[PDB]
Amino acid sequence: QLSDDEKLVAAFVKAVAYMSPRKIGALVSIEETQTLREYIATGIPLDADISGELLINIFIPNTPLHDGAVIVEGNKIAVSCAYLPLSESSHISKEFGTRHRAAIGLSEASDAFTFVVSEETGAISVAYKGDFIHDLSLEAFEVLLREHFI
């Protein structure tokens, strides 16, 4: 449980360390106090143990599980391919695509913690409670996850 939180952080760090330098797009949302049941209902059920390796395999481009969001519930990957509400806010830079607007939209509609890897640039970003943090370093991503989840 404390060790489960450290495995969660390590899984996310391994996945983003693989995907970011390969510019593999990724979108991962973690449930907090507000249920994500309605978005989980839109995805393919996995109910899978969390590991960096499984997160990488999910997001490999042009594969059946890659398109849409992974939603983490507790210590399980609940689903992949979930459809998240887009943000209609105009303050979103033009260069930020669908994945980023999906993450931002969920962070305006829930207290879920979402991170993105850009398929255009490999930039790592976080969307949480209406704040959007662009282009984190891997070390910064890790310490932010640790502070939030450990």
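When you see a residue number, it is the position in the sequence shown, counting from 1.
Engineer: What stretch has the higher average Cα B-factor here, 1-9 or 140-148?
Structural biologist: Per the PDB record, 1-9.
Engineer: Mean CA temperature factor from the deposited coordinates, higher in 46-54 or in 104-112?
Structural biologist: Stretch with the higher mean C-alpha B-factor: 104-112.
Engineer: Select one of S89, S29, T63, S118: the residue whose C-alpha shows the highest B-factor in the crystal structure entry.
Structural biologist: Answer for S89, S29, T63, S118: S89, with the highest C-alpha B-factor.
Engineer: Lowest, middle or highest third: where is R22 by Cα B-factor in its chain?
Structural biologist: CA B-factor rank for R22: middle third.
Engineer: With respect to C-alpha B-factor, does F96 fall in the lowest, middle or highest third of the chain as deposited?
Structural biologist: Answer is highest: the recorded C-alpha B-factor places it there.
Engineer: Should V70 be placed in the lowest, middle or highest third of its chain by the C-alpha B factor in the entry?
Structural biologist: As the PDB entry reports it, the C-alpha B-factor of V70 lands in the lowest third of its chain.
Engineer: Ranking every modelled residue in this chain by its Cα temperature factor as given in the entry, which third contains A82?
Structural biologist: It belongs to the lowest third of the chain when residues are ordered by C-alpha B-factor.
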